[PDB]
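Going line by line, the protein sequences match chains E and F. Letter by letter, the first sequence follows residues 1 to 215 in the entry's author numbering. Letter by letter, the second sequence follows residues 72 to 155 in the entry's author numbering. All residues carry an ideal CB built from backbone N, CA and C; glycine is no exception. What follows is a single structure, written as structure tokens, with notes after it.
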Amino acid sequence: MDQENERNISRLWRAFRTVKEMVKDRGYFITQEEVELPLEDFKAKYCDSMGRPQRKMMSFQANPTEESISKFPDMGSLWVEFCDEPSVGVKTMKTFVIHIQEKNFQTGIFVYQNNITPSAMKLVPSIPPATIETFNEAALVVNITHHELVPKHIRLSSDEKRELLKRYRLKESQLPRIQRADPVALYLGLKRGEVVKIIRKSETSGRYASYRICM
Amino acid sequence: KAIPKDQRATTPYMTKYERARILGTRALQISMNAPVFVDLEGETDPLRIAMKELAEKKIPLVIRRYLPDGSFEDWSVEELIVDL
Numbered sequence: 001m002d003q004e005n006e007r008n009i010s011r012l013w014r015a016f017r018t019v020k021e022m023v024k025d026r027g028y029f030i031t032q033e034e035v036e037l038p039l040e041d042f043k044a045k046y047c048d049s050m051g052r053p054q055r056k057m058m059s060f061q062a063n064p065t066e067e068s069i070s071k072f073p074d075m076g077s078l079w080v081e082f083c084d085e086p087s088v089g090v091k092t093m094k095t096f097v098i099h100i101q102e103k104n105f106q107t108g109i110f111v112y113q114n115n116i117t118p119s120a121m122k123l124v125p126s127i128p129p130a131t132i133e134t135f136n137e138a139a140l141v142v143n144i145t146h147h148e149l150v151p152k153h154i155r156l157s158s159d160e161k162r163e164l165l166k167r168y169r170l171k172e173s174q175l176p177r178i179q180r181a182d183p184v185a186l187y188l189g190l191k192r193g194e195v196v197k198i199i200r201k202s203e204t205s206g207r208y209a210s211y212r213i214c215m
Numbered sequence: 072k073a074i075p076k077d078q079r080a081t082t083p084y085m086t087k088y089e090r091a092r093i094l095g096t097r098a099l100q101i102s103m104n105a106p107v108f109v110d111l112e113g114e115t116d117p118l119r120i121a122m123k124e125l126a127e128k129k130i131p132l133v134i135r136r137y138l139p140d141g142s143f144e145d146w147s148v149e150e151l152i153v154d155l
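Have a look at this one:
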């Protein structure tokens, strides 16, 4: 008898996979093996003797791949954080906003449970150039990019971006747009001004490639 | 803003529109007693003549296809491949 907690562990596990996959798509070195970490190994490698999972230890660091660095040089390491506190507070986030800033982490992903205090929320933009992202577990229990309707989105380098505008001879304002808080942009941690090549299937031609600039 | 005769990416083919306006402008001049460059083998209708000039490639006109960015390419009617 494990009631709710049983199917509650499975959600933290699933979301953990989405975070691994997400980080990998951004361009960080991660074993396909780690992504496919079976539930049982999770319950062991990350849970205490009582059935309850200890999010504090799930947190990890992510490093840019050799391949990723060849295009995006300024891509520093990344830090993921799973807060054991359901509702995060200003005192709780501060410790995080500092951890990143301290270890000179370029990007910090804060994965919380139910929500965060509006007070704490206004603690994110405060350590440039390092940026901090927030994700509600629920929104990660499923990888949206694994959905039929969601095509392949690829962050373009400022180089490609320049190349893109040069050939089609376009102003930035003439390119199709994509919202900053767009689920996929949030997924690839897109920043305003960045372009994404969207490779979609077409019933007209084979493939069709479109572009969207993050607003 | 001008584009060298080389490096032209635009179609070698004439567009139905280009042809339509060329047959229209040229016919206007023929109807106004302007000189004809093709041997009039009977034809009297201006447009019918304009068309004969297009086929025999004797229309001294140039189409300035502008690109959305402001630049433009210059194609001569003679040059344009007509097949519509």
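Own chain partners of E/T92 with C-beta closer than 6 Å, once the 5 adjacent residues on each side are dropped: Counting only Cβ-Cβ distances below 6 Å, and skipping sequence neighbours, we find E85.
Where E/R169 meets chain F, residues with beta-carbon distance less than 8 Å: Neighbours of E/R169 on chain F, chain order: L138, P139, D140, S142.
Per DSSP, cross-strand counterpart(s) of E/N115: E/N115 is bridged to E/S87.
Neighbourhood of E/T131 by C-beta, 7 Å cutoff - its chain only, sequence neighbours within 5 removed: Apart from the 5 residues on each side of it in sequence, E/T131 sits with its Cβ closer than 7 Å to the Cβ of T107 in its chain, given in chain order.
Bridge-paired residues (DSSP) for E/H99: Per DSSP, none; premise fails for E/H99.
Contact between the region 170 to 185 of chain E and the region 37 to 57 of chain E (3+ Cβ pairs under 8 Å): As far as the Cβ criterion goes, the region 170 to 185 of chain E does not touch the region 37 to 57 of chain E, which means the pair count is below three.
Helix, strand or coil at E/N5 [DSSP, three-state]: In the structure shown, E/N5 sits in a helix (DSSP, three-state: H, G or I).
CB contact flag (E/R212, E/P151, <8 Å): Judged by beta-carbon spacing, E/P151 lies beyond the 8 Å limit of E/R212, meaning their Cβ atoms are not closer than that value.
Residue span of the alpha helix (DSSP H) that contains E/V35, given as start and end: For E/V35, the enclosing alpha helix (DSSP H) begins and ends at 32 to 35.
Residue ranges of each beta strand (DSSP E) within the region 117 to 204 of chain E, 3 or longer: Counting only runs of 3+ residues, the beta strand (DSSP E) found wholly inside the region 117 to 204 of chain E occupies 131 to 136, 152 to 155, 195 to 201, in chain order.
contact_flag[the region 60 to 67 of chain E, the region 18 to 36 of chain E] where n(CB pairs < 8 Å) is 3 or more: The answer is yes - the region 18 to 36 of chain E touches the region 60 to 67 of chain E, with three or more Cβ pairs under 8 Å.
Residue environment, E/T18, which counts as buried when at least 16 other CB atoms sit within 10 Å: By the neighbour-count rule (16 or more Cβ atoms within 10 Å), E/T18 is buried.
E/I9 versus E/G206: straight-line alpha-carbon distance, rounded: Annotation: E/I9 to E/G206 spans about 42 Å, alpha carbon to alpha carbon.
6 Å CB neighbourhood of E/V124 in its chain, flanking five on each side removed: Same-chain partners within the cutoff: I132.
E/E194 versus E/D2: straight-line alpha-carbon distance, rounded: E/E194 and E/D2: Cα-Cα distance of roughly 46 Å.
Length-filtered (4 minimum) alpha helix (DSSP H) runs lying within the region 91 to 132 of chain F: List check, alpha helix (DSSP H) in window: 117 to 126.
E/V88 versus E/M58, E/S157, E/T117, residue with shortest Cα-Cα distance: Selected option, being the one with the closest Cα: E/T117.
Cutoff 7 Å; reference E/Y208; Cβ partners in own chain excluding five residues on either side: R200, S202, listed in sequence order.
DSSP state of E/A62 mapped onto helix, strand, coil: Of the three classes helix, strand and coil, the one that applies to E/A62 here is strand, per DSSP.
Pair within 8 Å by beta-carbon distance, E/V184 and E/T145: Cβ atoms of E/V184 and E/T145: closer than 8 Å.
Backbone secondary structure at E/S210 - three-state DSSP: Residue state, collapsed to three classes: strand.
Cut-off 8 Å between Cβ atoms - residues of its own chain near E/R52, not counting five sequence neighbours on either side: The beta carbon of E/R52 sits closer than 8 Å to those of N5, all from its chain and outside the five residues before and after it, given in chain order.
Beta-carbon proximity check, F/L155 vs F/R90, cutoff 8 Å: Taking 8 Å as the Cβ cut-off, F/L155 and F/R90 qualify as a contacting pair.
6 Å CB neighbourhood of F/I130 in its chain, flanking five on each side removed: Contacts found: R97, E124, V148.
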